[PDB]
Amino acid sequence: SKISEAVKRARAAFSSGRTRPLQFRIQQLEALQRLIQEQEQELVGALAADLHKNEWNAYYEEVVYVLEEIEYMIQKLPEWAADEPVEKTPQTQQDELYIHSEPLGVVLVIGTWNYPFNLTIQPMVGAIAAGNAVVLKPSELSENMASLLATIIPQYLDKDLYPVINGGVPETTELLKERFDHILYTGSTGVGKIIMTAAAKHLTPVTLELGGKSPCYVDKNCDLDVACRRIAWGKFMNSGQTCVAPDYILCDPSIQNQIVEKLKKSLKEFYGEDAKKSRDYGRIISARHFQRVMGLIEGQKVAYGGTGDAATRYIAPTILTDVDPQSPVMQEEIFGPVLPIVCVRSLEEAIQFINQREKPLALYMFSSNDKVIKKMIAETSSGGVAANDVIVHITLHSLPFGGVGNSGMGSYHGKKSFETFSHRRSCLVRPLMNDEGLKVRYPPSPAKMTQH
């Protein structure tokens, strides 16, 4: 088949040794920066077609992070690739001990649809930096980006080492029978289990970035003007289709209405009175998810928005008040511009509420109180945490990104991408010279024991 041949060619090219020298890896990463500059308008067009993105947010909410990762990894690659001496003991003082980094082999990256350039190419950058071959499986749901990357990736990168696999689930299922040395997947909890199961047949390690509802606890005594503007921004970018968007708010009933008003105000400033007319407001990805998201509004008390247009897959920025934790909107990842507010009486009820559910990819808290921030962190678990902002924590080079529990396993970005797509190999190199100190270890053992 087309699929088996692509993997076969990718493994053969890795076995040929071409990816080992750093010079090669850098050329390929440089070919990706050239891809981003030369294909700028093609990239915008595809995101515009897929998700109603524009020239600005296509770059500054997605493409720029791929470029910054490339530039960063290029400059650090020689340091990261070098053998790493570690601490010696008196018994090993005359030896050399170090960690040797080496590629795993052929890496599979399975992309997703919501940021279809970032979540395909940024993982791929890491895997290329670590000297692996990389097979890419784009999500069909972002149809234009999928077809574009199939076309342009082979124009800039090595053809055998970095193939692109077309199709949907049946192709992905077939692809997953093939033998890989690492699999990174971004998507749903349920497919994450399927992918880990398939990985186990070849004992392949996995990086899984999965689902969850990222909570946003808003403190009673904080500046709600600043809080709600930041919350609104993170929640309603990409029409709410972000993995670390604040899914829902937890707040005291005393401040709920103020939050609604400040969310409304910020939303008006961002997108105007009618968000449908804004260039900067996105659209739901597909008919299936439009119907899914609209379904979550039903039966709820709507404070703002609450309508949608099926023909264009537009959903108005929507805020829900006094939301039942057991209702549909609070029982699945929203991934849409519907912001429910669940009421809690204290920090402690909010912590318990978060802990009774599955561990989220991101945890958010808005507060000026340092002890509230430390307490919430200390008593919960989540992939990453941001206090007094949203989104920005997953873009910083110094902060590895990933889930925990149902939100995922493994991590990447920056140095962690390089580690994730390498095997870190402990090495002990001794002199081959008689050492009396070692003779204590050889049989026969002493006939008389001594104290420890």
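When you see a residue number, it is the position in the sequence shown, counting from 1.
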- prompt: Mean CA B-factor: is it higher for 345-353 or for 208-216?
  reply: 345-353
Comparing 90-98 with 295-303, the one whose average Cα B-factor in the PDB entry is higher: 295-303
message: Maximum C-alpha temperature factor per the entry, among 162, 185, 113, 290, belongs to which one?
response: 290
task: Pick out which of 137, 359, 201, 230 has the highest C-alpha B-factor in the PDB entry.
output: 230
message: Is residue 169 in the lowest, middle or highest third of its chain when residues are ranked by C-alpha B-factor?
response: middle
- prompt: By its CA B factor, does residue 320 count among the lowest, middle or highest third of the modelled residues in the chain?
  reply: highest
- prompt: With respect to C-alpha B-factor, does residue 433 fall in the lowest, middle or highest third of the chain as deposited?
  reply: highest
task: Could you look up the Cα B-factor of residue 254 in the entry and say which third of the chain it sits in: lowest, middle or highest?
output: highest
message: Based on the deposited C-alpha B factors for this chain, I'd like to know if residue 337 is in the lowest, middle or highest third.
response: middle
